[PDB]
>>> print(open('upload.pdb').read())   # PDB, C-alpha atoms (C1' of nucleotides)
MODEL        1
ATOM      1  CA  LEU K   2      85.079 103.500  50.924  1.00  0.00           C
ATOM      2  CA  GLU K   3      82.032 105.570  51.886  1.00  0.00           C
ATOM      3  CA  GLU K   4      78.449 104.314  52.084  1.00  0.00           C
ATOM      4  CA  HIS K   5      75.307 106.365  51.525  1.00  0.00           C
ATOM      5  CA  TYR K   6      71.531 105.865  51.413  1.00  0.00           C
ATOM      6  CA  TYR K   7      69.949 107.483  48.343  1.00  0.00           C
ATOM      7  CA  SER K   8      66.502 107.421  49.948  1.00  0.00           C
ATOM      8  CA  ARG K   9      64.069 108.759  47.342  1.00  0.00           C
ATOM      9  CA  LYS K  10      60.321 109.368  47.524  1.00  0.00           C
ATOM     10  CA  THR K  11      57.785 109.092  44.716  1.00  0.00           C
ATOM     11  CA  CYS K  12      55.155 111.521  43.418  1.00  0.00           C
ATOM     12  CA  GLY K  13      51.704 112.061  44.913  1.00  0.00           C
ATOM     13  CA  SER K  14      50.741 108.388  44.768  1.00  0.00           C
ATOM     14  CA  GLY K  15      51.623 105.565  47.156  1.00  0.00           C
ATOM     15  CA  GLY K  16      54.131 106.899  49.662  1.00  0.00           C
ATOM     16  CA  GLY K  17      56.799 104.225  49.993  1.00  0.00           C
ATOM     17  CA  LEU K  18      60.263 104.225  51.574  1.00  0.00           C
ATOM     18  CA  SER K  19      63.355 102.768  49.884  1.00  0.00           C
ATOM     19  CA  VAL K  20      66.811 102.713  51.463  1.00  0.00           C
ATOM     20  CA  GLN K  21      69.039 102.108  48.427  1.00  0.00           C
ATOM     21  CA  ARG K  22      72.454 101.527  50.013  1.00  0.00           C
ATOM     22  CA  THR K  23      75.592 102.071  47.939  1.00  0.00           C
ATOM     23  CA  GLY K  24      79.277 102.730  48.525  1.00  0.00           C
ATOM     24  CA  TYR K  25      82.082 104.563  46.725  1.00  0.00           C
ATOM     25  CA  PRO K  26      85.845 103.935  47.092  1.00  0.00           C
ATOM     26  CA  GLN K  27      87.343 107.247  48.211  1.00  0.00           C
ATOM     27  CA  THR K  28      90.932 108.332  47.622  1.00  0.00           C
ATOM     28  CA  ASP K  29      93.284 109.776  50.233  1.00  0.00           C
ATOM     29  CA  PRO K  30      96.892 111.016  50.537  1.00  0.00           C
ATOM     30  CA  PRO K  31      99.633 108.493  51.338  1.00  0.00           C
ATOM     31  CA  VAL K  32     100.383 107.263  54.845  1.00  0.00           C
ATOM     32  CA  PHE K  33     103.317 108.519  56.910  1.00  0.00           C
ATOM     33  CA  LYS K  34     106.903 107.486  56.121  1.00  0.00           C
ATOM     34  CA  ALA K  35     107.967 105.865  59.391  1.00  0.00           C
ATOM     35  CA  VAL K  36     111.732 106.000  59.938  1.00  0.00           C
ATOM     36  CA  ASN K  37     113.744 103.922  62.424  1.00  0.00           C
ATOM     37  CA  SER K  38     117.490 103.679  61.718  1.00  0.00           C
ATOM     38  CA  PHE K  39     120.755 103.497  63.656  1.00  0.00           C
ATOM     39  CA  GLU K  40     124.486 103.691  62.861  1.00  0.00           C
ATOM     40  CA  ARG K  41     127.550 103.054  65.011  1.00  0.00           C
ATOM     41  CA  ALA K  42     131.213 102.029  65.019  1.00  0.00           C
ATOM     42  CA  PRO K  43     132.486  98.439  64.856  1.00  0.00           C
ATOM     43  CA  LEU K  44     134.674  97.101  67.683  1.00  0.00           C
ATOM     44  CA  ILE K  45     138.064  98.084  69.099  1.00  0.00           C
ATOM     45  CA  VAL K  46     140.333  96.607  71.781  1.00  0.00           C
ATOM     46  CA  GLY K  47     139.484  94.254  74.646  1.00  0.00           C
ATOM     47  CA  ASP K  48     141.072  96.049  77.597  1.00  0.00           C
ATOM     48  CA  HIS K  49     138.709  97.344  80.290  1.00  0.00           C
ATOM     49  CA  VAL K  50     140.591  99.745  82.578  1.00  0.00           C
ATOM     50  CA  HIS K  51     141.476 102.132  79.733  1.00  0.00           C
TER      51      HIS K  51
ATOM     52  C1'   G S   1     121.179 101.164 146.153  1.00  0.00           C
ATOM     53  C1'   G S   2     121.651  97.273 142.810  1.00  0.00           C
ATOM     54  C1'   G S   3     124.835  93.010 142.253  1.00  0.00           C
ATOM     55  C1'   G S   4     129.671  89.439 142.365  1.00  0.00           C
ATOM     56  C1'   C S   5     133.012  86.492 144.910  1.00  0.00           C
ATOM     57  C1'   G S   6     134.665  82.836 147.725  1.00  0.00           C
ATOM     58  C1'   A S   7     137.616  83.070 144.963  1.00  0.00           C
ATOM     59  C1'   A S   8     142.405  86.258 145.545  1.00  0.00           C
ATOM     60  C1'   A S   9     144.624  88.785 151.313  1.00  0.00           C
ATOM     61  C1'   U S  10     144.450  86.292 155.666  1.00  0.00           C
ATOM     62  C1'   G S  11     141.310  84.050 160.470  1.00  0.00           C
ATOM     63  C1'   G S  12     136.875  79.448 162.237  1.00  0.00           C
ATOM     64  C1'   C S  13     136.481  74.222 159.172  1.00  0.00           C
ATOM     65  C1'   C S  14     140.773  72.957 158.012  1.00  0.00           C
ATOM     66  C1'   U S  15     142.177  63.728 154.724  1.00  0.00           C
ATOM     67  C1'   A S  16     138.201  65.960 152.022  1.00  0.00           C
ATOM     68  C1'   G S  17     134.448  68.804 151.501  1.00  0.00           C
ATOM     69  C1'   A S  18     131.108  73.195 151.716  1.00  0.00           C
ATOM     70  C1'   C S  19     130.150  77.294 154.121  1.00  0.00           C
ATOM     71  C1'   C S  20     131.541  81.611 157.135  1.00  0.00           C
ATOM     72  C1'   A S  21     134.367  86.847 159.119  1.00  0.00           C
ATOM     73  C1'   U S  22     136.483  90.996 158.144  1.00  0.00           C
ATOM     74  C1'   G S  23     137.258  91.251 153.297  1.00  0.00           C
ATOM     75  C1'   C S  24     138.085  92.654 148.135  1.00  0.00           C
ATOM     76  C1'   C S  25     135.408  93.866 141.489  1.00  0.00           C
ATOM     77  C1'   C S  26     131.691  97.327 138.781  1.00  0.00           C
ATOM     78  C1'   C S  27     127.064 101.641 137.784  1.00  0.00           C
ATOM     79  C1'   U S  28     126.243 105.869 139.129  1.00  0.00           C
ATOM     80  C1'   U S  29     127.457 107.556 131.927  1.00  0.00           C
ATOM     81  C1'   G S  30     129.218 110.439 128.898  1.00  0.00           C
ATOM     82  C1'   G S  31     129.941 113.699 123.864  1.00  0.00           C
ATOM     83  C1'   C S  32     127.464 116.396 120.410  1.00  0.00           C
ATOM     84  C1'   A S  33     129.529 120.473 115.788  1.00  0.00           C
ATOM     85  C1'   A S  34     127.358 124.594 113.751  1.00  0.00           C
ATOM     86  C1'   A S  35     123.948 129.434 113.427  1.00  0.00           C
ATOM     87  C1'   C S  36     121.489 133.698 116.571  1.00  0.00           C
ATOM     88  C1'   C S  37     120.242 136.859 121.556  1.00  0.00           C
ATOM     89  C1'   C S  38     121.178 140.294 125.753  1.00  0.00           C
ATOM     90  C1'   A S  39     123.656 145.495 129.305  1.00  0.00           C
ATOM     91  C1'   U S  40     128.145 147.904 127.830  1.00  0.00           C
ATOM     92  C1'   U S  41     134.016 151.816 127.363  1.00  0.00           C
ATOM     93  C1'   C S  42     126.579 151.990 125.053  1.00  0.00           C
ATOM     94  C1'   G S  43     130.529 144.120 122.892  1.00  0.00           C
ATOM     95  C1'   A S  44     135.601 142.344 123.729  1.00  0.00           C
ATOM     96  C1'   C S  45     134.035 139.335 128.370  1.00  0.00           C
ATOM     97  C1'   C S  46     133.283 135.342 130.802  1.00  0.00           C
ATOM     98  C1'   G S  47     129.231 133.042 131.559  1.00  0.00           C
ATOM     99  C1'   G S  48     124.013 131.440 129.816  1.00  0.00           C
ATOM    100  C1'   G S  49     119.371 130.663 126.567  1.00  0.00           C
ATOM    101  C1'   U S  50     116.883 129.353 121.245  1.00  0.00           C
ATOM    102  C1'   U S  51     117.061 126.904 115.931  1.00  0.00           C
ATOM    103  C1'   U S  52     119.623 122.845 113.558  1.00  0.00           C
ATOM    104  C1'   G S  53     122.972 117.974 113.154  1.00  0.00           C
ATOM    105  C1'   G S  54     122.812 111.908 107.468  1.00  0.00           C
ATOM    106  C1'   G S  55     118.305 113.901 104.258  1.00  0.00           C
ATOM    107  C1'   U S  56     113.692 113.958 101.201  1.00  0.00           C
ATOM    108  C1'   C S  57     109.139 111.891  97.914  1.00  0.00           C
ATOM    109  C1'   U S  58     103.152 110.170 100.875  1.00  0.00           C
ATOM    110  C1'   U S  59     110.338 110.130 106.244  1.00  0.00           C
ATOM    111  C1'   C S  60     102.173 105.374 106.812  1.00  0.00           C
ATOM    112  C1'   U S  61     103.984 100.707 104.568  1.00  0.00           C
ATOM    113  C1'   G S  62     107.285 101.591 100.058  1.00  0.00           C
ATOM    114  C1'   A S  63     110.820 104.242  97.279  1.00  0.00           C
ATOM    115  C1'   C S  64     114.643 108.572  95.559  1.00  0.00           C
ATOM    116  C1'   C S  65     119.815 110.897  97.049  1.00  0.00           C
ATOM    117  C1'   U S  66     124.175 108.870  99.916  1.00  0.00           C
ATOM    118  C1'   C S  67     127.189 105.828 101.913  1.00  0.00           C
ATOM    119  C1'   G S  68     128.714 101.647 105.616  1.00  0.00           C
ATOM    120  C1'   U S  69     128.246  95.706 105.907  1.00  0.00           C
ATOM    121  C1'   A S  70     128.590  91.549 104.149  1.00  0.00           C
ATOM    122  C1'   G S  71     127.436  86.743  99.963  1.00  0.00           C
ATOM    123  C1'   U S  72     127.408  85.571  94.945  1.00  0.00           C
ATOM    124  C1'   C S  73     128.759  84.983  90.254  1.00  0.00           C
ATOM    125  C1'   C S  74     131.999  88.213  87.749  1.00  0.00           C
ATOM    126  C1'   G S  75     134.756  90.911  81.932  1.00  0.00           C
ATOM    127  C1'   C S  76     138.556  89.091  80.178  1.00  0.00           C
ATOM    128  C1'   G S  77     133.598  92.332  76.014  1.00  0.00           C
ATOM    129  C1'   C S  78     129.766  94.535  74.829  1.00  0.00           C
ATOM    130  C1'   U S  79     127.990  99.555  74.721  1.00  0.00           C
ATOM    131  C1'   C S  80     126.463 106.710  71.888  1.00  0.00           C
ATOM    132  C1'   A S  81     127.863 109.041  77.791  1.00  0.00           C
ATOM    133  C1'   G S  82     131.291 104.185  78.343  1.00  0.00           C
ATOM    134  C1'   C S  83     133.718 101.362  81.671  1.00  0.00           C
ATOM    135  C1'   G S  84     135.985  97.665  85.289  1.00  0.00           C
ATOM    136  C1'   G S  85     130.821  96.142  86.268  1.00  0.00           C
ATOM    137  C1'   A S  86     127.177  93.004  87.979  1.00  0.00           C
ATOM    138  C1'   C S  87     123.209  91.084  91.063  1.00  0.00           C
ATOM    139  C1'   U S  88     120.717  89.818  96.719  1.00  0.00           C
ATOM    140  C1'   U S  89     120.781  91.545 101.970  1.00  0.00           C
ATOM    141  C1'   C S  90     121.159  94.447 107.215  1.00  0.00           C
ATOM    142  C1'   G S  91     122.384  99.749 109.343  1.00  0.00           C
ATOM    143  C1'   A S  92     122.720 104.547 109.126  1.00  0.00           C
ATOM    144  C1'   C S  93     123.195 111.533 115.934  1.00  0.00           C
ATOM    145  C1'   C S  94     128.173 109.365 118.146  1.00  0.00           C
ATOM    146  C1'   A S  95     131.601 105.853 122.192  1.00  0.00           C
TER     147        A S  95
ENDMDL
END
>>> encode(input="upload.pdb", output="structure tokens")
Amino acid sequence: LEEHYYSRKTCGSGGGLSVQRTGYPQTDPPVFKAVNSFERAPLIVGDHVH
RNA sequence: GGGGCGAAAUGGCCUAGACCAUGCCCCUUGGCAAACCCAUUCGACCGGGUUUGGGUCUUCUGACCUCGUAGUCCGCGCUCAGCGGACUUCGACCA
């Protein structure tokens, strides 16, 4: 989205000011590809000293 | 100098008792372990002096290496290092 004021002026008669606000949806490349993973082994043995 | 004692050795007093005389108990603190210096056979030779000695970051409070001292639950499992590991405390040149 991007707004803009197409502010035009008339010929040699009057002299008024018009804002004329308008927007336009603007494209863009995709967002990052966040990655957060983790792999490990299961579980082995209960002994502690070894 | 500083204290202690009437015990403990005896003598006065000496049912008992508490004090006395000589009379006997301690302090004159102590130790650092390293590195370097002189004159010369122009080092061998004993003796002396200087820099360090738990240690840094803000050695201010307070923490970061290390340990020492204790009390408490503790694991009978979860974590890549692994592990046996947790929390709270006081001290840290040496007798």
>>> residues_near_point(input="upload.pdb", point="(73.6, 107.4, 51.2)", cutoff="7 Å", atoms="all atoms listed in the file", output="ChimeraX atom specification")
/K:4-7,22-23
>>> residues_around(input="upload.pdb", residues="stretch 40-51 of chain K", least_positions_apart="2", cutoff="9 Å", atoms="all atoms listed in the file", output="PyMOL selection string")
(chain K and resi 38) or (chain S and resi 75-77+80+83-84)
>>> write_last_selection(input="upload.pdb", atoms="C-alpha atoms (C1' of nucleotides)", output="PDB file, in the frame of the given file")
ATOM      1  CA  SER K  38     117.490 103.679  61.718  1.00  0.00           C
TER       2      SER K  38
ATOM      3  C1'   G S  75     134.756  90.911  81.932  1.00  0.00           C
ATOM      4  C1'   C S  76     138.556  89.091  80.178  1.00  0.00           C
ATOM      5  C1'   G S  77     133.598  92.332  76.014  1.00  0.00           C
ATOM      6  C1'   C S  80     126.463 106.710  71.888  1.00  0.00           C
ATOM      7  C1'   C S  83     133.718 101.362  81.671  1.00  0.00           C
ATOM      8  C1'   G S  84     135.985  97.665  85.289  1.00  0.00           C
TER       9        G S  84
END
>>> residues_around(input="upload.pdb", residues="residue S:54", least_positions_apart="3", cutoff="9 Å", atoms="all atoms listed in the file", output="PyMOL selection string")
chain S and resi 66+92-93
>>> axis_aligned_box(input="upload.pdb", around="stretch 9-22 of chain S", padding_each_side="6 Å", output="AutoDock Vina command-line options")
--center_x 137.4 --center_y 77.4 --center_z 156.8 --size_x 26.5 --size_y 39.3 --size_z 22.9
>>> atom_distance(input="upload.pdb", atom1="atom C1' of residue S:85", atom2="atom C1' of residue S:67")
18.8 Å
>>> resolve_selection(input="upload.pdb", expression="the PyMOL selection byres ((chain S and resi 95) around 10)", output="PyMOL selection string")
chain S and resi 30-31+94
